[PDB]
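What follows is a single structure, written as structure tokens, with notes after it.
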Ligand SMILES: O=Cc1ccc(-c2cn([C@@H]3O[C@H](COP(=O)(O)OP(=O)(O)O)[C@@H](O)[C@H]3O)c(=O)[nH]c2=O)s1
Ligand SMILES: O=Cc1ccc(-c2cn([C@@H]3O[C@H](COP(=O)(O)OP(=O)(O)O)[C@@H](O)[C@H]3O)c(=O)[nH]c2=O)s1
Ligand SMILES: CCCCCCCCO[C@@H]1O[C@H](CO)[C@H](O)[C@H](O)[C@H]1O[C@@H]1O[C@@H](C)[C@@H](O)[C@@H](O)[C@@H]1O
Ligand SMILES: CCCCCCCCO[C@@H]1O[C@H](CO)[C@H](O)[C@H](O)[C@H]1O[C@@H]1O[C@@H](C)[C@@H](O)[C@@H](O)[C@@H]1O
Ligand SMILES: [Mn+2]
Ligand SMILES: [Mn+2]
């Protein structure tokens with residue numbers, strides 16, 4: 064796309080703003096931290112493409128209680144100025160709160176089965192997103208962002224995250240060496256990653272990409288989980304373990320910093336985080 | 064694409080290698096410097112896609128003299144391990160020197176007209192690349208890389224540069240403020256950029272991208288030059304001025320550091336350059352008077 068004239072501060076080749084963190088992966092994907100992007104430029108780029116972003120969130124059984132704060136804060140902070148389609152997957156369509164939406168934003172309630180086992184609720188998100196990629200998303204949105212519901216937006220989360228495939232650094236482990244990552248370590252599981260492999264430990268609560276890439280990721284993870292199930296094994300961190308195996312072998316084209324997936328009660332507000340954008344609500 | 068198990072040092076989130084330079088633009092395009100990339104990973108990614116790279120170079124009039132060292136050093140340093148097509152445009156096909164190529168690398172020579180004015184030889188590269196894309200001469204590769212011929216490969220230039228659209232930081236201006244950039248400053252020119260705009264000054268001697276993006280860029284720059292011609296205007300730095308206007312409005316998805324476009328005889332070898340990959344060769348004797 065062709066941008067109009069814009070007035071903004073010139074980038075300085077010899078004076079980077081972030082010197083305290085890694086801002087690009089070894090496969091040349093940016094790692095998104097505050098200070099690395101000019102949102103005015105990116106906003107104009109994505110508006111000129113008429114971008115629609117889908118946001119998927121599961122609110123099943125007791126978790127429907129989190130929806131009100133999740134959606135109201137999403138209206139203040141998520142992709143503001145862009146076309147947004149919320150996909151709320153729930154077993155209680157009647158319990159979805161009436162949240163007032165900004166212009167250009169819409170919400171669809173998708174009714175789904177609640178699995179008894181909390182691990183199955185978390186893990187079967189992969190199957191449901193994969194199925195809906197086909198049923199709906201492919202014809203409705205350009206990008207999908209797939210997140211946990213037990214969360215609130217506190218600061219900007221915008222088109223800087225958009226790319227064919229992204230994962231997010233887990234807030235617990237961004238400073239950890241690969242040997243300490245809680246990857247699945249049993250070779251009997253499809254999620255197995257040995258101790259001398261791994262780039263990052265990605266959080267299962269925030270990933271996304273193009274519809275095509277997300278369809279592929281979620282289908283792959285679901286299949287891997289089904290194979291494990293038939294072999295009587297379940298990965299240590301469920302869907303997140305499979306997400307990690309997938310992103311090790313299919314490198315993300317952007318990686319989000321833990322600004323995008325945080326828990327302030329458990330981890331505070333470290334100096335390397337200039338903004339806390341999307342944060343846990345006590346569960 | 065799905066990679067196999069690989070063993071390499073873990074990237075450290077709290078410990079960047081390059082702290083002395085900007086390694087990502089404000090629109091989140093990487094700026095490619097030594098230390099930012101693991102070429103083992105990138106080679107695997109690109110080979111899994113069976114990537115073919117086309118390298119276009121113009122050697123018109125006395126510039127055929129540059130071909131021998133250009134092609135020999137490309138054999139040593141450019142995209143080694145990947146399929147490469149050299150597309151050499153010349154007015155003297157019989158003057159293209161014999162150069163032995165590695166497996167999977169192919170030379171195609173095409174005869175083209177020699178414009179009288181050197182400015183025109185340089186500028187008309189955009190029209191020629193655009194036309195030969197459209198005619199399916201240049202379109203059957205995955206990426207096109209478009210360079211000057213008066214150059215030598217000195218170190219690795221590989222798939223770390225590939226992306227839908229890339230420009231390269233010109234060696235004379237990487238540390239300069241935007242008001243110092245030698246953009247076309249006449250409002251009457253299509254290449255006009257005023258003093259309060261501009262991200263970088265990109266060099267006309269090294270740009271590229273996917274076939275689709277290179278087709279679009281070269282067609283756009285050619286049409287802009289034709290509009291200027293009809294208005295009786297020739298931009299200050301010719302095709303480079305239009306390239307700069309194009310990349311200001313269509314941001315590149317990677318930007319190459321000056322490691323990739325240098326002149327050591329003129330500028331030395333400053334500390335910020337850990338490698339010099341593609342460098343100018345003296346060209347005073349190859350000049351022709353308009
Ligand atoms: O009592 C234990 C539970 C663990 C997960 C449960 C669950 C999760 N979910 C969805 O799965 C996501 C992941 O579960 P979680 O937030 O509890 O997991 P983590 O924050 O540890 O990753 C939630 O954000 C919801 O979107 C539900 O909708 N209903 C639920 O009952 S219930
Ligand atoms: O006598 C003055 C000349 C200036 C350019 C000339 C020219 C350039 N070219 C091509 O245009 C490119 C740009 O010209 P250049 O390398 O001389 O200019 P710079 O952009 O490095 O200043 C060259 O690398 C060649 O590919 C030719 O093939 N033949 C030429 O006679 S001749
Ligand atoms: C060396 C650091 C040692 C300390 C690490 C502290 C955070 C641990 O985090 C858990 O990590 C697990 C994987 O190993 C799962 O991702 C789990 O869902 C996550 O807890 C979730 O995310 C957390 C951030 C909290 O919000 C917790 O309530 C959630 O259940
Ligand atoms: C004193 C600080 C500003 C000047 C700093 C030193 C380089 C100047 O560079 C010229 O810059 C022009 C645009 O302003 C054109 O790109 C020209 O082609 C280029 O010269 C080309 O590239 C050069 C590097 C040399 O190889 C020269 O011989 C070439 O003709
Ligand atoms: Mn959660
Ligand atoms: Mn040159």
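Protein chains in written order, with PDB author numbering: chain B, 64 to 346; chain A, 64 to 353. Backbone N, C-alpha and C define an ideal beta-carbon position, used for all residues, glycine too.
- Query: How is the beta strand (DSSP E) around residue 327(A) delimited, first residue to last?
  - Reply: Here residue 327(A) refers to the residue found at position 264 when the second chain is read from its first residue. Premise fails: residue 327(A) lies in the alpha helix (DSSP H), 327–330, not in any beta strand (DSSP E).
- Query: Listing by chain order, which chain B residues have their CB less than 9 Å from the CB of residue 145(A)?
  - Reply: Numbered from its first residue, the second chain carries residue 145(A) at position 82. Going along chain B, no residue has its Cβ under 9 Å from residue 145(A), so there is no contact; the nearest lies around 16 Å.
- Residues of chain B with CB under 9 Å from residue 152(A), in chain order? By one-based count along the second chain, residue 152(A) stands at place 89. Ordered by position in chain B, no residue passes the 9 Å Cβ test against residue 152(A), which lies about 28 Å from the chain.
- Message: Suppose you measure from the CA of residue 312(A) to the CA of residue 310(B); what does that come to, to the nearest Å?
- Response: Taking the second chain and counting its residues from 1, the one referred to as residue 312(A) is at position 249. Taking the first chain and counting its residues from 1, the one referred to as residue 310(B) is at position 247. Taking the Cα positions, residue 312(A) is about 33 Å away from residue 310(B).
- Query: Is any heavy atom in ligand 2 found nearer than 7 Å to the beta carbon of residue 104(B)?
  - Reply: Stepping through the first chain from its first residue, residue 104(B) is reached at position 41. No; taking the cut-off as 7 Å, the Cβ of residue 104(B) has no heavy atom of ligand 2 nearer than that.
- Task: Along the beta strand (DSSP E) that carries residue 317(A), what are the first and last residues, could you check?
- Result: Walking along the second chain from the start, residue 317(A) turns up at place 254. For residue 317(A), the uninterrupted beta strand (DSSP E) segment begins and ends at 317–319.
- Would you check whether ligand 1 has a heavy atom nearer than 7 Å to the C-beta of residue 76(A)? Within the second chain, residue 76(A) is the residue found at index 13, counting from 1. No.
- Message: Measuring only from the beta carbon, is residue 268(B) closer than 7 Å to any heavy atom that is part of ligand 5?
- Response: The residue given as residue 268(B) occupies position 205 in the first chain. Because some heavy atom of ligand 5 lies under 7 Å away, the Cβ of residue 268(B) counts as near it: yes.
- Task: Consult DSSP for residue 288(A) and reduce its assignment to one of helix, strand or coil.
- Result: Start at 1 with the first residue of the second chain, and residue 288(A) comes out as number 225. Helix, per DSSP.
- What are the residues that DSSP puts in a beta bridge with residue 95(B)? For this step, residue 95(B) is matched to residue 32 along the first chain. 319(B).
- Go ahead and label residue 186(A) buried or exposed: buried means 16 or more other beta carbons lie within 10 angstroms of its beta carbon, across all protein chains shown. The residue labelled residue 186(A) in the question sits at position 123 within the second chain. Buried.
- Task: Please go through the same chain and pick out, in chain order, the residues whose beta-carbon is closer than 7 Å to the beta-carbon of residue 283(B), but skip the five residues on each side of it.
- Result: On the first chain, position 220 is the one that residue 283(B) refers to. So the list reads 309, once near-sequence residues are dropped.
- Message: ligand 4 and residue 343(A): does any heavy atom of the ligand fall closer than 7 Å to the residue's C-beta?
- Response: One-based indexing of the second chain puts residue 343(A) at position 280. True, at least one ligand heavy atom lies under 7 Å from that Cβ.
- Message: Distance check for residue 318(A) and residue 237(A), CA to CA, integer angstroms please.
- Response: The residue labelled residue 237(A) in the question sits at position 174 within the second chain. The residue labelled residue 318(A) in the question sits at position 255 within the second chain. One Cα belongs to residue 237(A), the other to residue 318(A), and the distance between them is close to 11 Å.
- Message: Helix, strand or coil for residue 174(A)? Go by DSSP, reduced to three states.
- Response: In the second chain, residue 174(A) corresponds to position 111, counting from 1. If DSSP states are grouped into helix, strand and coil, residue 174(A) belongs with the strands.
- Starting from residue 241(B), find everything on chain A with Cβ-Cβ shorter than 8 Å and list it in chain order. Translated into positions along the first chain, residue 241(B) becomes position 178. By Cβ distance, chain A contributes 73.
- Could you work out which residues of chain A lie near residue 206(B), taking near to mean beta carbons separated by less than 7 Å? On the first chain, residue 206(B) is found 143 positions in, with the first residue counted as 1. In chain order: nothing, as chain A lies at least about 15 Å away.
- In whole angstroms, what separates the C-alpha of residue 129(A) from that of residue 212(A)? Within the second chain, numbered from 1, the residue matching residue 129(A) stands at position 66. Within the second chain, numbered from 1, the residue matching residue 212(A) stands at position 149. If you take the alpha carbons of residue 129(A) and residue 212(A), they lie about 6 Å apart.
- Spatial neighbours of residue 346(B) in its chain, beta-carbon cut-off 7 Å, leaving aside the 5 residues before and after: Working through the first chain from its first residue, we reach residue 346(B) at position 283. The beta carbon of residue 346(B) lies closer than 7 Å to those of 213 in the same chain, with the five residues before and after it left out.
- What separation, rounded to the nearest whole angstrom, lies between the Cα atoms of residue 337(B) and residue 100(B)? On the first chain, residue 337(B) is found 274 positions in, with the first residue counted as 1. On the first chain, residue 100(B) is found 37 positions in, with the first residue counted as 1. Each residue's alpha carbon lies about 13 Å from the other.
- Message: Check whether the segment 174–190 of chain B and the segment 83–97 of chain A touch, using three or more Cβ-Cβ pairs below 8 Å as the test.
- Response: Put simply, the segment 174–190 of chain B does not touch the segment 83–97 of chain A. Fewer than three CB pairs are less than 8 Å apart.
- How is the beta strand (DSSP E) around residue 46(B) delimited, first residue to last? The requested residue 46(B) does not occur in the structure, where chain B is confined to residues 64 to 346.
- Establish whether the CB of residue 277(A) and some CB of chain B are separated by less than 8 Å. The residue you call residue 277(A) lines up with position 214 of the second chain. No, its Cβ sits nowhere closer than 8 Å to a Cβ of chain B.
- Message: Do residue 189(A) and residue 289(A) count as a contact pair if the criterion is CB distance below 8 Å?
- Response: Here the question's residue 289(A) lines up with position 226 in the second chain. Here the question's residue 189(A) lines up with position 126 in the second chain. When the beta-carbon positions are compared, residue 289(A) and residue 189(A) stay at least 8 Å from each other.
- Identified DSSP bridge partners for residue 116(A): In the second chain, the residue the question calls residue 116(A) occupies position 53. Bridge partners of residue 116(A): 147(A) and 206(A).
- Query: residue 347(B): beta carbon under 7 Å from a heavy atom of ligand 2?
  - Reply: Because chain B in this structure spans residues 64 to 346, residue 347(B) falls outside the shown range and cannot be described.
- Query: Mapping DSSP to helix, strand and coil, what is residue 275(A)?
  - Reply: Taking the first residue of the second chain as 1, we reach residue 275(A) at position 212. It is helical.
- Task: Provide the residue span of the alpha helix (DSSP H) that contains residue 351(B), from first to last.
- Result: It is not possible to answer for residue 351(B), since the shown part of chain B is limited to 64 through 346.
- Where residue 107(A) falls: helix, strand or coil (DSSP): For this step, residue 107(A) is matched to residue 44 along the second chain. Three-state DSSP puts residue 107(A) in a helix.
- Item | Local conformation of residue 281(A) per DSSP, three classes | Start at 1 with the first residue of the second chain, and residue 281(A) comes out as number 218. Three-state result, residue 281(A): helix.
- Query: Is it the case that the Cβ atoms of residue 225(B) and residue 141(B) are separated by a distance below 8 Å?
  - Reply: The residue labelled residue 225(B) in the question sits at position 162 within the first chain. The residue labelled residue 141(B) in the question sits at position 78 within the first chain. In this structure, residue 225(B) sits away from residue 141(B), with a CB-CB distance that is not shorter than 8 Å.
- Message: For ligand 2, I want to know if residue 212(A) counts as a neighbour, meaning its beta carbon is within less than 7 Å of at least one of the ligand's heavy atoms.
- Response: The residue given as residue 212(A) occupies position 149 in the second chain. In this structure, residue 212(A) has its CB closer than 7 Å to one or more heavy atoms of ligand 2.
- Using only the heavy atoms of ligand 1, determine whether one of them is closer than 7 Å to the beta carbon of residue 131(B). Here residue 131(B) refers to the residue found at position 68 of the first chain. It does not: the Cβ of residue 131(B) is nowhere closer than 7 Å to a heavy atom of ligand 1.
- Message: Using beta carbons (cut-off 8 Å, strictly below), is residue 104(A) in contact with chain B?
- Response: Numbered from its first residue, the second chain carries residue 104(A) at position 41. Yes, residue 104(A) counts as interfacial toward chain B.
- Which chain B residues sit within Cβ distance under 8 Å of residue 264(A)? Numbered from its first residue, the second chain carries residue 264(A) at position 201. Those do not exist, as residue 264(A) stays about 10 Å from chain B at its closest Cβ, beyond 8 Å.
- Any heavy atom of ligand 1 closer than 7 Å to the Cβ of residue 179(B)? For this step, residue 179(B) is matched to residue 116 along the first chain. Not under cutoff, so the answer is no.
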